[PDB]
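Participant: Residue numbers (the working numbering), protein chains in the order written: chain A, 4 to 724; chain B, 364 to 1085.
Before anything else, here's the structure in question.
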Amino acid sequence: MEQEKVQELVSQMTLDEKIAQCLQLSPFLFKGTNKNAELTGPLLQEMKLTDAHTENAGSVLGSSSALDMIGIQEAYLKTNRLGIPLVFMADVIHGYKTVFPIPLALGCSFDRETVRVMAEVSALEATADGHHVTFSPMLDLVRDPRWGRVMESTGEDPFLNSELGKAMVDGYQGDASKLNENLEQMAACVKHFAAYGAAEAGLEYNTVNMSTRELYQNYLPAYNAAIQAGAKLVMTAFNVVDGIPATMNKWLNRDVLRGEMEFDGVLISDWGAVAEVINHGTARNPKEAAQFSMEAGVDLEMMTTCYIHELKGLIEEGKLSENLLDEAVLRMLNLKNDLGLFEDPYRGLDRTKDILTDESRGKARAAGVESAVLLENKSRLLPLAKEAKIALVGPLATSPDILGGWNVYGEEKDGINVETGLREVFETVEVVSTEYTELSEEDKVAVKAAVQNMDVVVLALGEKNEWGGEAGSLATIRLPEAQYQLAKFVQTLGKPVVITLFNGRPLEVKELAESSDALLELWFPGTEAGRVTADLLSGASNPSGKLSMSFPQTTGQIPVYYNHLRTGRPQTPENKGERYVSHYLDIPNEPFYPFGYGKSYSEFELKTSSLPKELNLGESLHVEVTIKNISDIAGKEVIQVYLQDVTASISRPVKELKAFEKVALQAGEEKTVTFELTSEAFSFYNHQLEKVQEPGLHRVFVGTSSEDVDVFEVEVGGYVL
Amino acid sequence: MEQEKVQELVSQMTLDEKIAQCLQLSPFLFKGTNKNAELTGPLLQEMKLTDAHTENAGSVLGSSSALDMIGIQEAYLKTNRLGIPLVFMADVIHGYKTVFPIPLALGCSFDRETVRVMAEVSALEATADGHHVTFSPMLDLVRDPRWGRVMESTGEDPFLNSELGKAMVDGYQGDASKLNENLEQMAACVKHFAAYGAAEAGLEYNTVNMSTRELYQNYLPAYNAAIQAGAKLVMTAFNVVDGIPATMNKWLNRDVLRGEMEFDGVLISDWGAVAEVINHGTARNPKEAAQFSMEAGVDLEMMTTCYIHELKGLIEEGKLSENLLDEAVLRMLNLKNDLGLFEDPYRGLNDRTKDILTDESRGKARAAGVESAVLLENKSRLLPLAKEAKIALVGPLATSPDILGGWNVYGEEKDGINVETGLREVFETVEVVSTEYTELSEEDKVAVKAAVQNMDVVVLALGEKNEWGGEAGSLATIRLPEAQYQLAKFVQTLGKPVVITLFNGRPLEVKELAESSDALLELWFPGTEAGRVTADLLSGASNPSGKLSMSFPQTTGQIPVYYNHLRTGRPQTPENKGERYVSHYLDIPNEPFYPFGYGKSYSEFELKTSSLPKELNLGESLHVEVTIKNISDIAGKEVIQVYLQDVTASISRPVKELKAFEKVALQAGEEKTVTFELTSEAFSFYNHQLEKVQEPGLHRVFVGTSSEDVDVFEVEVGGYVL
Ligand SMILES: O=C1O[C@H](CO)[C@@H](O)[C@H](O)[C@H]1O
Ligand SMILES: O=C1O[C@H](CO)[C@@H](O)[C@H](O)[C@H]1O
Ligand SMILES: O=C1O[C@H](CO)[C@@H](O)[C@H](O)[C@H]1O
Ligand SMILES: O=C1O[C@H](CO)[C@@H](O)[C@H](O)[C@H]1O
Ligand SMILES: O=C1O[C@H](CO)[C@@H](O)[C@H](O)[C@H]1O
Ligand SMILES: [Mg+2]
Ligand SMILES: [Mg+2]
């Protein structure tokens, strides 16, 4: 409908109606839900909720289905005074029913289009099952693989997360202004604002702390890119930011998000995060919690009752301006309108035919093959011949747990396990399945026997997803020790070994790499994992992923990341072995596998056209890269361009990723791609918080990982374009 | 002399002269040195130094002896135009020749007097051997035991480090207005300014980064306390602080150090930290390095040549003002003066040798060792051991002379007392099988089996070599070599009671050691009398009374873990135990293996807090009164501890903060009363705007014998301001 009528609806609301609009609830607390009705009484009573609260609640999160949604919205609109429909939100993180690779894997794709296809397919399916909003993209920069939630981030690099973050939003929302029309798309909600993934000790919900300059330089860029690209919501974070819980952080949310970033959409709290400021000890009680969170501009309280029970009193005693509430309600209604819920509360609703199609599955498969990373492949063991005799052993041989974490809707019975997968392709396969956390003598005899018959071992190891995701912090980033022992065992059997590793985080893999001939990191590919796995092993697909997060030498190296500072005593090749340089006595400084590292069955040669020696301030560097696949085999490479600022008023990272592109090349084929490094890429935040460019020398690095690069020099100065 | 004669020295000094006054060099680049006279030729020619440079050099670092000093100074004065003597500095960190426990151990003493006596004995000896300035206390807060330098800090607590920091300055310098008179006292230099101990990944020299508020709240207090206690010098840090290397960080050093902390002394660079701002990528070359460090107020460049080769040109070209150099030179001379060098450039050097490595001094180092060690485990009263107990003494620390610890630049191992020698003095029957640090052979095991079979108890002496810590001794995994845990596993199967005497420079993973033995005693590195420290504790001649000044993590992946932590929005409680969506790990407990303030005794105490007021005004002190009784037959010391928590505040506040502590001696039966004043400063914190503030509201007071063994009382602050 029209803006003016929305502005009117605010006018016509009671105070209690407005307060309730700022509440969000689980489906089974509304009249007319069709699942979990036997939890409605107990919980309603514990939250001290009444019919007036539930009949005016702003939103719903975690509807179980299209049918669940319809019954609730049909029932709500029957008893709702002014006919303000519910907005319905859900966690569509990496697939709705067609599960795609976990976002950390998606980052390893280094492939913008894959990310967009994933979100688009996800929206297709979610909108079809009644949901208006996904709580995705998750844009927290991660440098600490102990934290279970690294699985939701696209890795340790702000640029890559920024790009892929834009692709996710584009994919879910398409045209952000036609969400009232395009009902196969949905609102995206950026999370978690901000800096959540710097939790101390990878410990869930734990303290985050960093200088403001570093917050802007590295932790904010991606939330900003998604926002600037039209993301409709932002969700707050659980952590403090500089001492102050993000949910009630006024500078962060008013000054930075609404001020600097110009975000005039709904700001939703994370689950309980409004009331939990009480636990952080920056609010004495639910009254204070609500006052400070409203002051901060949190418009939608997620499944707690601070606003519901306390805003009226705050407004009547003049502790809190009613305009703030008014503005918050106005944002909620603008959201609903943008989704066309004033014309159609059922947002297009039967669409079952669209869920879990064969075209969608093929896409998830394509995502999986794009995202897997080949870490080792000694003496061309991979790809395997289709008639190769295979002992498939390990806990991931038959396990149905290949969908990854934050899979709220996808069903394991629709999944393709590794056995099924492999059997579709290779004729001879013998399988000895083993426990995730044990290695018995009986297992070893069975494995001995399966291996002796066969020609090659596919050793499938991995985590259960429940060992990652939210509140899945591992102090030690290792598989259960039994799996390292199973690899040591299997290696003694005389036969060639592939390890197909399934997980949600960087792990200590040195032992795995040292005990096998090849190692293929599939992360958690989703619904089609088995076939992703088979197509890569068989060569039907050629591995092309690159690591979007560093793989540490050991737990004690964390945090280790490619974009690191030099220090005053950097280790060089000409000071190696000296005592008084930055190093460890017991491990290398280098991570075991670095950012941008990945292998292929193909082989490539790159050359960079001549670049200018000199450059003006404000001027863009145009980089031209010619790349040839010099091998019999078709496949993709990921060209990567980095910049270093050799000298600056702040110590600058030795490298920073400024551009990348995945390039498909047939056997023999050659191509040219060109990048624009605009002058922003030469910029940084200074000691005073200004975004600035300084004349001086930069190095440009073109290559195929953060470490395989040719290096060029460029001098910036003169005048400003 | 008088300040006029000093002000005039500045006026009469040439430019080239004033510059060289801002240079410090190793003893063997000087004419007159009694050691390393080779090396002088090539290093001078590498540094492109002259005689103009060395004849006017400001200072020396790390002279080898009183004769070295005297030789250098005598020869320098002979050819020095205006007669400005050299100031002579050194790393006297935990002792000179009589070596005391490493500073981390000293922290575990929880005893100010012990620390002051260490510092006092250290200056006594150092001045006797020619040194004017020590590079100590090291006041970097440490939360990460991977870092080799945790050995030099007194731990993870700002308050404790502040207090013991002042005891150290007080002990080295006594009354600092009379350093020209008490020539058995010496100038002290606080380091490393600032926040150096927060090195990322505990990796040496690595990036440091934290909000300015956190810098002020936790990382600054100790530097500040030592400075306010009158510490003569400060040294810069190798690390960046918010992007900028500390050495050229104007705000940190002009605004914070010289402005807010009102420090008007020499600011010395750390070794090469001036030229090294180039490697940090905040200076193109020695010209800018020099410019930016002088702009920042660095007065003395340590063993690099940016100032000497670049300050002339910078001043002539007008890029840098001669006033800065001048005031820099004035602080230099004011320090020489304060030291009494214009009256006596040999600072009293008169058979000061009678003063070194004395019997009284060694007895003090010994007492420091027994104060500082920490009894971590003692099941079924195995310790103390009867003096007629037959002892199998096995392990790498059985006979190792490596017991003086790291940053021991002057102490000699031949004077050290090793564990066998210590034990043999006390217990009649000792059999000894030494093993390697990093191995466990089948032959070793056979020998251990045979020794243990014969004796009644195992003293299993495990440890680090000191070179696995100190500077640039970072460990990614904080474990002993695996052979040592395997040795403990082995010994435990021999059916005899086991004590592990652990010697180290950092918190280690010790769950496996605790689990494979009946008692565990953490001697750290006690210094010259290590063996007797160990024997006395084991025997009961001394009663363990140390407490942990740094948390002992469950495993490496728990780092950083410390007592003074924030609550988060989803704290693990005893009520929510076992729930998935709470702050916790899947594979280990939240808690460290041993917490801050944790320590055991052969004695047993009760404590009783006198009734506290329910309310308090702003600006008002809280007087906590504690009665403590040793209810046991054994005399011993206990460390009463008082913490505060600010329950609600404009910033999420630590669950606990140590605000007072005292070590209380007690005979069997004996009772005493101590009272502490927690001022309103203790109730204060830094807010978002960076004001030091006090908020009305609820605080909890915790009185006890560790961060975990406490009685909790509440106090409500408000009303008006005192
Ligand atoms: O706890 C949470 O619940 C939210 C709702 O499921 C989810 O979207 C957030 O990412 C997560 O932090
Ligand atoms: O609610 C959840 O469900 C998921 C189940 O797939 C789990 O992995 C997530 O980490 C958890 O947040
Ligand atoms: O961290 C900082 O960097 C700046 C430069 O050191 C300084 O000027 C600011 O006041 C300070 O907060
Ligand atoms: O490198 C160093 O040398 C200095 C000189 O010994 C010492 O005092 C510092 O603590 C240390 O950083
Ligand atoms: O980090 C910060 O936290 C402060 C409190 O939110 C804010 O006011 C400042 O702008 C900022 O320096
Ligand atoms: Mg530059
Ligand atoms: Mg308070």
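Every residue gets a Cβ at the ideal spot worked out from N, C-alpha and C, and that includes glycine.
1) Pick from B/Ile590, B/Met611, B/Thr716: whose alpha carbon is nearest that of B/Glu623?
2) Any contact between the stretch 471-480 of chain B and the stretch 797-813 of chain B? By contact I mean 3 or more CB pairs, one from each, below 8 Å.
3) I'd like to know whether the C-beta of A/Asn209 is nearer than 8 Å to at least one C-beta of chain B.
4) What residues of chain A sit near B/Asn572, judged by a beta carbon separation below 7 Å?
5) For a contact meaning CB atoms closer than 8 Å, what does A/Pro573 contact in chain B?
6) Using a 10 Å radius around the Cβ and a threshold of 16 neighbouring Cβ atoms, would you call B/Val854 buried or exposed?
7) Taking all protein chains shown into account, do 16 or more other C-beta atoms lie within 10 angstroms of the C-beta of A/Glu155, making it buried, or fewer, making it exposed?
8) Within 10 Å of its beta-carbon, does B/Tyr559 have 16 or more other beta-carbons around it, so buried, or fewer, so exposed?
9) Could you name the residues that DSSP lists as bridge partners for A/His195?
10) Are the beta-carbon atoms of B/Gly932 and A/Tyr565 separated by less than 8 Å?
11) Please indicate yes or no: does the CB of A/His195 lie closer than 7 Å to some heavy atom of ligand 1?
12) Tell me where the beta strand (DSSP E) around B/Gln1008 begins and ends.
13) Find the residues of chain B that neighbour A/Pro562, judging by a C-beta separation of less than 8 Å, and give them in chain order.
14) Whose beta carbon lies closer than 6 Å to any heavy atom of ligand 3, going through the chain in order?
15) Tell me, which residues are paired with B/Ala453 by DSSP?
16) When you check each C-beta in the stretch 701-725 of chain B against every C-beta of chain D, which residues fall closer than 7 Å?
17) Helix, strand or coil, according to DSSP, for A/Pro248 in the structure here?
18) Taking C-beta to C-beta, are B/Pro649 and B/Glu673 nearer than 8 Å?
19) Quick one: is B/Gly920 near chain A, going by C-beta distance under 8 Å?
20) Just list the residues that DSSP pairs A/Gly720 with in beta bridges.
21) For residue 1087 of chain B and B/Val782, I'd like the C-alpha separation in whole angstroms.
22) Apart from the five residues on each side of it in sequence, which residues of its chain come closer than 6 Å, Cβ to Cβ, to B/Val924?
23) At which residues does the alpha helix (DSSP H) containing B/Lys675 begin and terminate?
24) With a threshold of 7 Å (Cβ to nearest heavy atom), would B/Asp701 be considered close to ligand 6?
25) Measuring CB atoms only, is the stretch 684-692 of chain B touching the stretch 423-432 of chain B, in the sense that at least three cross pairs come out at less than 8 Å?
26) Could you tell me whether the stretch 833-849 of chain B touches the stretch 580-596 of chain A, where touching means 3 or more Cβ pairs closer than 8 Å?
27) Which of the three DSSP states is assigned to B/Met598 in this structure?
28) Mapping DSSP to helix, strand and coil, what is B/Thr716?
29) Would B/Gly890 pass as an interface residue toward chain A - the criterion being a Cβ-Cβ separation below 8 Å?
30) Within a Cβ cutoff of 6 Å, which residues of the same chain sit near B/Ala755, ignoring the five residues on either side of it in sequence?
31) Classify A/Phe678 as helix, strand or coil using the three-state DSSP reduction.
32) Confirm, please, whether the CB-CB distance from B/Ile766 to B/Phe705 is below 8 Å.
33) Check distances from the C-beta atoms of the stretch 459-491 of chain A to those of chain B and list, in chain order, the residues that come in under 8 Å.
34) If you drop the 5 nearest sequence neighbours on each side, which residues of the same chain put their C-beta closer than 7 Å to that of B/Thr918?
35) Answer yes or no: does any C-beta atom of chain A fall closer than 8 Å to that of B/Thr490?
36) Apply the 10 Å Cβ neighbour rule to B/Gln436 and answer buried if 16 or more other Cβ atoms are within range, or exposed otherwise.
Facilitator: According to the structure shown:
1) B/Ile590
2) Taking 8 Å as the limit for Cβ pairs, the verdict is that the stretch 797-813 of chain B does not touch the stretch 471-480 of chain B.
3) At least one C-beta of chain B is nearer than 8 Å to the C-beta of A/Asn209.
4) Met213, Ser214, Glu217
5) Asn642
6) A residue is called buried when at least 16 other Cβ atoms come within 10 angstroms of its Cβ; B/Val854 meets this threshold and is buried.
7) A buried status is given to A/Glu155, since no fewer than 16 other beta-carbon atoms sit within 10 Å of its beta-carbon.
8) buried
9) Note: A/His195 sits in no beta bridge, so no partner.
10) The answer is no: Cβ separation not under 8 Å.
11) yes
12) 999-1009
13) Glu563, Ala564
14) A/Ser214, A/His690, B/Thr575, B/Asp605, B/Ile607, B/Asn612, B/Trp614
15) B/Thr497
16) Of the protein chains in this structure, namely A and B, none is chain D.
17) It is a strand residue.
18) yes
19) yes
20) A/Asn619
21) Residue 1087 of chain B lies beyond the range of chain B shown here (364 to 1085); nothing can be said about it.
22) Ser914, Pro916, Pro955
23) B/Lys675 -> alpha helix (DSSP H) spans 669-679.
24) no
25) no
26) yes
27) In the three-state DSSP reduction, B/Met598 falls in the strand class (E or B).
28) Reduced to three states, the DSSP call for B/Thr716 is helix.
29) For B/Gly890, the answer is no, since every Cβ of chain A falls outside 8 Å of its Cβ.
30) The residues are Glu794, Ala814, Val815, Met818, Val821.
31) strand
32) no
33) Result list: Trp470, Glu473, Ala474, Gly475, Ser476, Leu477, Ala478, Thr479, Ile480.
34) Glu872, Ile951
35) Any Cβ of chain A closer than 8 Å to the Cβ of B/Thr490 would place that residue at the interface, and such an atom is absent.
36) Buried: at least 16 other Cβ atoms inside 10 Å.
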